[PDB]
Amino acid sequence: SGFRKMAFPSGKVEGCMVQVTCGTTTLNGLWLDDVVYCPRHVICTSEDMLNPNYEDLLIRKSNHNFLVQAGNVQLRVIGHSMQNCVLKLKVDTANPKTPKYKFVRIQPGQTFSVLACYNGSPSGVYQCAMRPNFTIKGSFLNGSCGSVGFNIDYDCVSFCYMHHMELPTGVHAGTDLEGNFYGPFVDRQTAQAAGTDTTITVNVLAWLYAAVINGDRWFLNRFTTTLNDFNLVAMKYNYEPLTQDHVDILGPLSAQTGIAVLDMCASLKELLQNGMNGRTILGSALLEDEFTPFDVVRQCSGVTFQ
Ligand SMILES: *[C@](O)(C(=O)NC)[C@H](C[C@@H]1CCNC1=O)NC(=O)[C@H](CC1CC1)n1cccc(NC(=O)Cc2ccccc2)c1=O
Ligand SMILES: [Cl-]
């Protein structure tokens, strides 16, 4: 019992983090097999940032202009290429600590763990969600670029995020490991604004199920609703529309608790329309939307990784 925002154990990803320096700039790279992945703006001066021509800037960079350090040892860079907004530095040594891994591009609403790194060294681990507006609400300072977001599937690390930028409102933007930004963001110092930060409705419902599993039941009401009636209220509160796919995904939690998804939707509608009246749910004073239904099952069933 109890329910916490819980990250994956970071051990497997800690062994992949290195420091990448190009002229003036030091940030983090991910060393998998004989390739180091890092944000392509490692090549930019602060001047360059306003309007970079990365292809032009890259012409003036050779293998020896990329300093890659794994703890205290230099890796020899024997190749480089640009794929979208990431650099791939070929090194002459396969990372002996390369875990089983995949590159995945996650969907909005999906959660992952961030290992915040500075100078190739891990500083801390926390859980994030890809927001519907394709931002993340992270904790990133100057030096954190190239830090990665990941999920673990038993022994397989799925890398889904590389950190690139901060936006107004203190939210963050980055790419998958093929270097394609999530959302419309570009790696340039220009006026960019996120979009409406809508709530992940299916994740709020998953978290309400987690509360009932943990004996926190005060918000269950005597009402039911329809998808269409719920979505009419959802839209007003900037909630994502709930689909039958979402209902289906909550099936196991509904089964566990004996509360129909539509009954829980009616409970959520009353919390949206009436607020919490100074009460809390799993020690939160607002409706938490960074737990997926899988996240709740994992934590409430104690699924493990190795
Ligand atoms: C990254 O390059 C790094 O760590 N380098 C060593 C940083 C990480 C940033 C710094 C502070 N918090 C972070 O998460 N990324 C940047 O500095 C980017 C690089 C750009 C993408 C190529 N960056 C540079 C300049 C400007 C901005 N963004 C803003 O400042 C946007 C903004 C505008 C107005 C108000 C508030 C924010 C970058 O993100
Ligand atoms: Cl809160």
# chains A, B, ... in the order shown; residues from 1 in each chain; ligands from 1
>>> residues_near_ligand(ligand="ligand 2", cutoff="7 Å", atoms="only C-alpha atoms and all ligand atoms", output="number ranges by chain")
A: 284-286
>>> write_last_selection(atoms="N, CA, C and O atoms", output="PDB file, in the first residue's frame")
ATOM      1  N   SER A 284      -2.480  13.899  -2.843  1.00  0.00           N
ATOM      2  CA  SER A 284      -2.471  15.006  -3.831  1.00  0.00           C
ATOM      3  C   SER A 284      -3.723  15.866  -3.624  1.00  0.00           C
ATOM      4  O   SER A 284      -4.769  15.287  -3.301  1.00  0.00           O
ATOM      5  N   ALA A 285      -3.606  17.185  -3.811  1.00  0.00           N
ATOM      6  CA  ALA A 285      -4.720  18.172  -3.763  1.00  0.00           C
ATOM      7  C   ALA A 285      -5.218  18.512  -5.174  1.00  0.00           C
ATOM      8  O   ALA A 285      -6.144  19.333  -5.311  1.00  0.00           O
ATOM      9  N   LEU A 286      -4.646  17.899  -6.205  1.00  0.00           N
ATOM     10  CA  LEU A 286      -5.161  18.043  -7.586  1.00  0.00           C
ATOM     11  C   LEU A 286      -5.166  16.663  -8.238  1.00  0.00           C
ATOM     12  O   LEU A 286      -4.700  15.705  -7.590  1.00  0.00           O
TER      13      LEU A 286
END
>>> residues_around(residues="residue 141 (chain A)", least_positions_apart="3", cutoff="9 Å", atoms="only C-alpha atoms", output="list in words")
residues 118, 144, 145 and 166 of chain A
>>> closest_residue(among="A:201, A:28, A:189, A:221", to="residue 52 (chain A)", atoms="only C-alpha atoms")
A:189
>>> closest_residue(among="A:134, A:150, A:126, A:181", to="ligand 1", atoms="only C-alpha atoms and all ligand atoms")
A:181
>>> residues_around(residues="residue 104 (chain A)", least_positions_apart="2", cutoff="10 Å", atoms="only C-alpha atoms", output="PyMOL selection string")
chain A and resi 101-102+106-107+150-151+157-161+176-178
>>> write_last_selection(atoms="C-alpha atoms", output="PDB file, in the first residue's frame")
ATOM      1  CA  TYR A 101      17.808  -1.830 -25.810  1.00  0.00           C
ATOM      2  CA  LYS A 102      15.316  -0.410 -28.359  1.00  0.00           C
ATOM      3  CA  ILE A 106       6.163   7.171 -27.407  1.00  0.00           C
ATOM      4  CA  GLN A 107       2.588   8.458 -27.760  1.00  0.00           C
ATOM      5  CA  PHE A 150      13.485   5.482 -20.942  1.00  0.00           C
ATOM      6  CA  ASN A 151      11.194   2.567 -20.001  1.00  0.00           C
ATOM      7  CA  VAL A 157      15.662  -0.609 -21.993  1.00  0.00           C
ATOM      8  CA  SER A 158      13.401   1.296 -24.472  1.00  0.00           C
ATOM      9  CA  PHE A 159      14.936   4.786 -24.997  1.00  0.00           C
ATOM     10  CA  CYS A 160      12.230   7.281 -25.955  1.00  0.00           C
ATOM     11  CA  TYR A 161      13.608  10.815 -25.182  1.00  0.00           C
ATOM     12  CA  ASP A 176      13.431  10.446 -29.880  1.00  0.00           C
ATOM     13  CA  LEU A 177      16.809   8.661 -30.370  1.00  0.00           C
ATOM     14  CA  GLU A 178      16.408   9.018 -34.203  1.00  0.00           C
TER      15      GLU A 178
END
>>> residues_around(residues="residue 188 (chain A)", least_positions_apart="5", cutoff="8 Å", atoms="only C-alpha atoms", output="ChimeraX atom specification")
/A:49-52
>>> write_last_selection(atoms="N, CA, C and O atoms", output="PDB file, in the first residue's frame")
ATOM      1  N   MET A  49      23.257  29.741 -32.224  1.00  0.00           N
ATOM      2  CA  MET A  49      21.936  29.313 -31.665  1.00  0.00           C
ATOM      3  C   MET A  49      20.759  30.041 -32.319  1.00  0.00           C
ATOM      4  O   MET A  49      19.675  29.425 -32.404  1.00  0.00           O
ATOM      5  N   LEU A  50      20.908  31.324 -32.653  1.00  0.00           N
ATOM      6  CA  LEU A  50      19.785  32.155 -33.173  1.00  0.00           C
ATOM      7  C   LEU A  50      19.286  31.583 -34.508  1.00  0.00           C
ATOM      8  O   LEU A  50      18.061  31.544 -34.734  1.00  0.00           O
ATOM      9  N   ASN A  51      20.190  31.129 -35.375  1.00  0.00           N
ATOM     10  CA  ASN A  51      19.817  30.748 -36.755  1.00  0.00           C
ATOM     11  C   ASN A  51      20.849  29.774 -37.311  1.00  0.00           C
ATOM     12  O   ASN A  51      21.554  30.086 -38.268  1.00  0.00           O
ATOM     13  N   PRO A  52      20.975  28.567 -36.723  1.00  0.00           N
ATOM     14  CA  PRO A  52      22.049  27.649 -37.094  1.00  0.00           C
ATOM     15  C   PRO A  52      21.770  27.010 -38.454  1.00  0.00           C
ATOM     16  O   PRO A  52      20.647  26.725 -38.720  1.00  0.00           O
TER      17      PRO A  52
END
>>> closest_residue(among="A:9, A:2, A:168, A:79", to="ligand 1", atoms="only C-alpha atoms and all ligand atoms")
A:168
>>> select_by_dssp(residues="region 127-170 of chain A", states="strand (DSSP E)", output="PyMOL selection string")
chain A and resi 127-129+148-153+156-167
>>> residues_near_ligand(ligand="ligand 1", cutoff="9 Å", atoms="only C-alpha atoms and all ligand atoms", output="MDAnalysis selection string")
chainID A and resid 25:28 39:42 44 46 49:50 52 118:119 138:147 163:174 185:193
>>> closest_residue(among="A:81, A:98, A:214, A:257", to="residue 281 (chain A)", atoms="only C-alpha atoms")
A:214
>>> residues_around(residues="residue 22 (chain A)", least_positions_apart="2", cutoff="6 Å", atoms="only C-alpha atoms", output="list in words")
residues 25, 43, 65 and 66 of chain A
>>> residues_around(residues="residue 265 (chain A)", least_positions_apart="5", cutoff="8 Å", atoms="only C-alpha atoms", output="list in words")
residues 205, 224, 225 and 230 of chain A
>>> write_last_selection(atoms="C-alpha atoms", output="PDB file, in the first residue's frame")
ATOM      1  CA  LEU A 205      -8.930   7.567 -14.261  1.00  0.00           C
ATOM      2  CA  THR A 224     -22.908   7.070 -13.781  1.00  0.00           C
ATOM      3  CA  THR A 225     -22.434   8.882 -17.146  1.00  0.00           C
ATOM      4  CA  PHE A 230     -18.424  12.824 -19.945  1.00  0.00           C
TER       5      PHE A 230
END
>>> closest_residue(among="A:35, A:97, A:184, A:273", to="residue 76 (chain A)", atoms="only C-alpha atoms")
A:35
>>> closest_residue(among="A:13, A:212, A:303, A:202", to="residue 248 (chain A)", atoms="only C-alpha atoms")
A:202
>>> select_by_dssp(residues="region 81-288 of chain A", states="helix (DSSP H, G or I)", output="PyMOL selection string")
chain A and resi 201-213+227-236+244-249+251-257+261-274
>>> residues_around(residues="residue 128 (chain A)", least_positions_apart="6", cutoff="10 Å", atoms="only C-alpha atoms", output="list in words")
residues 5, 6, 7, 109, 110, 111, 112, 113, 114, 136, 137, 138, 139, 149, 150, 290 and 291 of chain A
